[PDB]
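Residues per chain are reported as follows:
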Amino acid sequence: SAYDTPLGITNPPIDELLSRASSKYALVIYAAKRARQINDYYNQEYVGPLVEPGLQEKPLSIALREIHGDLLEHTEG
Amino acid sequence: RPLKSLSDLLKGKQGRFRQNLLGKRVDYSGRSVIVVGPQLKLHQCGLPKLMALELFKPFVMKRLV
């Protein structure tokens, strides 16, 4: 199975991410909350990045790839 | 020309609810004429370098320091 190699913002696919949360809006908060987390760590919630980050990756993009790999929960209140 | 009463502040299309409250001008924004982008991907858009500069002005200022 192959769709193709995605470019930039379209990676990772939204479909593979939606399997990790309930709705698209939940997914938004997920990456957002984690994005602030990573940035706080760069200028010391302080954890990660769990995945090997390519240089200059926007912490939002890092948080998305984290959710792709099931690396974080992910509890809804 | 009739003087603008207190009621005239709230009521019209220039009344606060339309002119300011719901609709208001914003920072970090720009505009220009559009041209066809046939070589672009569906997730991409062509941004004039000058416009992209001023829009991102603080961002480039930070990384260049």
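About the cut-offs
Sequence order as written determines residue numbers, which begin from 1 on each chain and need not coincide with the entry numbering; residues that lack coordinates are not included. As a convention, the first chain written is A and the first ligand written is 1, with the rest following in written order. Note: displayed chains form a subset of a larger assembly, with all reported quantities computed for the displayed subset only. The side-chain numbers reported here are obtained from all heavy atoms of the structure, hydrogens and water having been left aside. Residues with missing side-chain atoms are left out of burial classes, side-chain pairs and their counts. Only DSSP runs of H or I reaching four residues or more are called helices, and only runs of E reaching two or more are called strands; each is numbered from the N terminus. In this analysis, a patch consists of residues with relative accessible area above 30% that form no salt bridge, clustered at 9 Å for like charges and at 5 Å for the nonpolar side chains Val, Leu, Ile, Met, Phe, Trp and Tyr. Per-residue and other accessible areas follow the Shrake-Rupley method at a 1.4 Å probe size, with only the shown protein chains counted as cover for residues. Throughout this description, the term salt bridge denotes a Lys or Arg side-chain nitrogen within 4 Å of a carboxyl oxygen of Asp or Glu. Charge assignment: positive for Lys and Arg, negative for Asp and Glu; neither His nor the chain ends contribute. Every charge is mapped onto a representative atom, which is NZ of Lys, CZ of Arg, CG of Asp or CD of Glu. Buried residues are those whose accessible area, probed at 1.4 Å on protein chains only, stays under 20% of the maximum for their type, while exposed residues exceed 50% and partly exposed ones sit between those limits. Any two residues whose heavy atoms approach within 4.5 Å are treated as being in contact. Side-chain atoms within 4.5 Å link the members of a nonpolar core, which is a set of buried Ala, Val, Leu, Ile, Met, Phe, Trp, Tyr and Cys residues. Under the convention used throughout, the expected extent of a helix is 1.5 Å for every residue step, that is, one less than its residue count. For this quantity, the arc is that covered by the directions from the helix axis to the C-beta atoms. Here a polar contact means two N or O atoms within 3.5 Å. Within protein one must be a hydrogen donor candidate and the other an acceptor candidate, and residues neighboring in sequence count only if both atoms are side-chain atoms.

As summarised from the PDB record, the model derives from X-ray crystallography at a stated resolution of 3.050 Å.

Draft legend 1. Representation of the overall build of chain A within the structure. Counting its secondary structure elements, chain A contains three helices and zero strands. For chain A, the α and β elements follow one another from N to C terminus as α-α-α. Counting only C-alpha atoms and orienting by the principal axes, one finds that chain A spans roughly 40 × 35 × 15 Å.

Draft legend 2. Representation of a nonpolar patch on the surface in the model. All names here are of chain B. Residues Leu47, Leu53, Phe56, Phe59, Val60, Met61, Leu64 and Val65 make up a contiguous nonpolar surface patch of about 840 Å² in total accessible area. Take the nonpolar patch: its biggest share by element is four residues, from helix 4 (residues 57–64). Secondary-structure assignment places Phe56 in the loop between helix 3 (49–55) and helix 4.

Draft legend 3. Region of interest: a positive patch on the surface. Residues and elements named next belong to chain B. A surface patch of like charges, here positive, comprises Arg1, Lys4, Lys11 and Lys13. You can see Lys11 is positioned in the loop between helix 1 (6–10) and helix 2 (16–22). Since its relative accessible area comes to 59%, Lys11 is described here as exposed.

Draft legend 4. Structural view of the pattern of salt bridges. All names here are of chain A. In the structure shown here, the tally under the stated rule is three salt bridges over all chains. Close ionic contact of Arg65 with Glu57 constitutes a salt bridge, the shortest N to O distance being 2.7 Å. For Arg65, a relative accessible area of 26% gives the class partly exposed.

Draft legend 5. View of the environment of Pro59(A). Residue and element names in this part refer to chain A. For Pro59, the position within the fold is in helix 3 (residues 59–68). By relative accessible area, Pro59 is classed as buried at 14%. In this structure, the C-alpha to C-alpha distance between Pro59 and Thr75, residues 16 residues apart in sequence, is 20 Å. Other than its neighbours up to four places away in sequence, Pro59 contacts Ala35, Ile38 and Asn39.

Draft legend 6. Broad picture of the nonpolar core. All names here are of chain A. With nine residues, the main nonpolar core is built from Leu17, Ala21, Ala26, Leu27, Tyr30, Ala31, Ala63, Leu64 and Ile67. Counting residues per element, the ones that place at least two in this core are helix 2 (24–42) and helix 3. Among the elements that line this core, the one with the most residues is helix 2, at four residues. Leave out the neighbours within four places in its chain, and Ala31 touches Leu60, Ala63, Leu64 and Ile67.

Draft legend 7. Examining helix 2 of chain A more closely. All names here are of chain A. Given a rise of 1.5 Å per residue, 19 residues ought to cover 27 Å, and the 27 Å separating the end C-alpha atoms of helix 2 matches this to within 8%. For helix 2, every residue scored as buried is listed here: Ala26, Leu27, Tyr30, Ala31, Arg34, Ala35 and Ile38. Down the axis of helix 2, the smallest arc covering the buried residues is 165°, so these residues share one side. For helix 2, exposure combined with an orientation more than 90 degrees from the buried face picks out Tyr25, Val28, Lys33 and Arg36. In this structure, the buried side of helix 2 is in contact with helix 1 (14–18) and helix 3. Where helix 2 starts, the residue carrying a side-chain oxygen 3.1 Å from the main-chain nitrogen of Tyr25 turns out to be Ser23.

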